[PDB]
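Visitor: Pasting a structure here, questions to come.
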Amino acid sequence: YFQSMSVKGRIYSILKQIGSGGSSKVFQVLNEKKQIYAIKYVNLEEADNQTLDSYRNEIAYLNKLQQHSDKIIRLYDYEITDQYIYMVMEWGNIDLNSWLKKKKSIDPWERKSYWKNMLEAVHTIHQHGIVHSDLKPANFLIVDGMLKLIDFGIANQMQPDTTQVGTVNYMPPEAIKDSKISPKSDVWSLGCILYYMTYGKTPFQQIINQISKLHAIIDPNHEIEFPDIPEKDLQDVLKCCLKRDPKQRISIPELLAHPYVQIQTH
Ligand SMILES: CCc1cccc(CC)c1NC(=O)c1nn(C)c2c1CCc1cnc(Nc3ccc(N4CCN(C)CC4)cc3OC)nc1-2
């Protein structure tokens, strides 16, 4: 029940575990001033040089980029050694994958406000050359009704083995047809998340067969349902995000000047 750890001399008191993946554990902890944080611990015992440089790189970027937007998660401090990495981060109520897994109805205002957070955070990483290229709702954390981007998909996702889960619902068609990596790949994946918040599922979610789903994502003859809704700006945004051709698909800077994001509906 009572557990503890240090990170750069400062003592944190572990309350519980709030995450896991590969050889990393996220804990909900309290510092000496009874302030709540999330420490991500990562193990390097069997991680190769590539893997380690991927973690070092991600860290450096996350640290740098938090200044540039407040829609990226705070990395308050970290402790990096040959054996492990602690990262003392901003603690959030719940991730968006779990939040949307609760709710059927999402408040139009809340959806738009989330959409904006997502655009801003993702735009920031793009501005420093980073395409995420694996954006899911899992990647976004709700901190006081504000969505923070948890990670940049820079680090190499090593598997547990002794014991969200590689889902292709958010996968852009260019990725499925196999070096080059367009920032508009992320626009598709964001579009898929918004499509979820708009219509209740991802566009190819109803496709039960895996190989079929992949095929459907690419097949231009295979249309996507955009059932008409009061928010016609929302319907517009989704159609523009989910163009299969990356060159015809809308840009982040464009999505930011879009009526959905700018026009005040009251
Ligand atoms: C997707 C990002 C990623 C990439 C690579 C490696 C990792 C580490 C496993 C990660 N994961 C994280 O870096 C991470 N995952 N979570 C859940 C958090 C982080 C870092 C920051 C952070 C801050 N605050 C929270 N709070 C929180 C979130 C979710 C939940 N849950 C519990 C499990 N349920 C199934 C869903 C709801 C509980 C939380 O705390 C109360 N949660 C978090």
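Ideal geometry is used to build each Cβ from the backbone, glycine not excepted, and the neighbour counts take in all protein chains shown. Each reported figure results from applying straightforward, stated rules to the coordinates on display, with no laboratory input.
Visitor: Given only helices, namely DSSP H runs of n ≥ 4 each adding -39500 (n - 2.57), what is the per-residue ellipticity at 222 nm of the chain, to the nearest 500 deg cm²/dmol? Write out the running numbers ahead of the final one.
Guide: Working: 9 runs with 95 residues, N = 266.
One gets -10500 deg cm²/dmol as the mean residue ellipticity at 222 nm.
Visitor: Take peptides 138-145, 217-224, 171-178 and line them up by average Cβ neighbours within 10 Å, highest first, as a rough protection proxy. Each step should come with its number before you reach the end.
Guide: Working: 138-145: 18.1, 217-224: 12.6, 171-178: 16.4.
Taking the mean over residues of other Cβ atoms within 10 Å, the ranking is 138-145, 171-178, 217-224.
Visitor: Rounded to whole Å and sorted largest first, what semi-axes of the equivalent ellipsoid does the C-alpha gyration tensor of the chain yield via the square root of 5 times each eigenvalue? Provide the component values of the computation, followed by the final result.
Guide: Details: eigenvalues 221, 91, 61 Å².
Gyration-tensor ellipsoid for the chain: 33, 21, 17 Å.
Visitor: Excluding residues on the same chain fewer than 8 positions from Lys64, give the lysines whose Cα lies under 22 Å from its Cα.
Guide: Partners found: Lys8, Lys40, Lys116, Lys148.
Visitor: What is the Cα centroid distance between the range 234-261 and the range 1-38, reported in whole angstrom?
Guide: Measuring centre to centre over Cα atoms gives 40 Å.
Visitor: Stretched out fully, how many nm does the piece from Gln83 to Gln28 gain, at 0.36 nm a residue minus the Cα gap? Write out the running numbers ahead of the final one.
Guide: Details: separation 55, 0.36 × 55 = 19.80 nm, distance 2.16 nm.
Gain on extension, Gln83 to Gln28, equals 17.6 nm.
Visitor: Students often forget the sequence filter, so: which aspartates and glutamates lie under 20 Å Cα-Cα from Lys232 once same-chain residues fewer than 8 apart are removed?
Guide: Hits, sequence-local ones excluded: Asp107, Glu110, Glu223, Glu254.
Visitor: Mind pulling the per residue volume of the convex hull built on the Cα atoms of the range 5-93? Å³ is fine. Display every interim value, and only then the final one.
Guide: On the way: hull volume 9.1 nm³, N = 89.
Roughly 103 Å³ of hull volume per residue.
Visitor: Follow-up. Using alpha carbons only, how many angstrom separate the centre of the range 76-117 from the centre of the range 155-196?
Guide: With the range 76-117 and the range 155-196 each reduced to a Cα centre, they are spaced 18 Å.
Visitor: Give the order of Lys103, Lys33 when sorted by the count of other beta carbons within 10 angstrom, beginning with the fewest.
Guide: Numbers: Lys103 11, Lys33 6.
By the 10 Å Cβ count, ascending: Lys33, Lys103.
Visitor: Within the set of other residues whose C-beta is less than 13 Å from the C-beta of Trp109, count the net charge using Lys and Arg as +1 and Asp and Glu as -1. Could the numbers behind the result be given before it?
Guide: Values: positive: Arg111, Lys112, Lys116; negative: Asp107, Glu110, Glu231.
Taking every other residue near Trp109 into account, the sum is 0.
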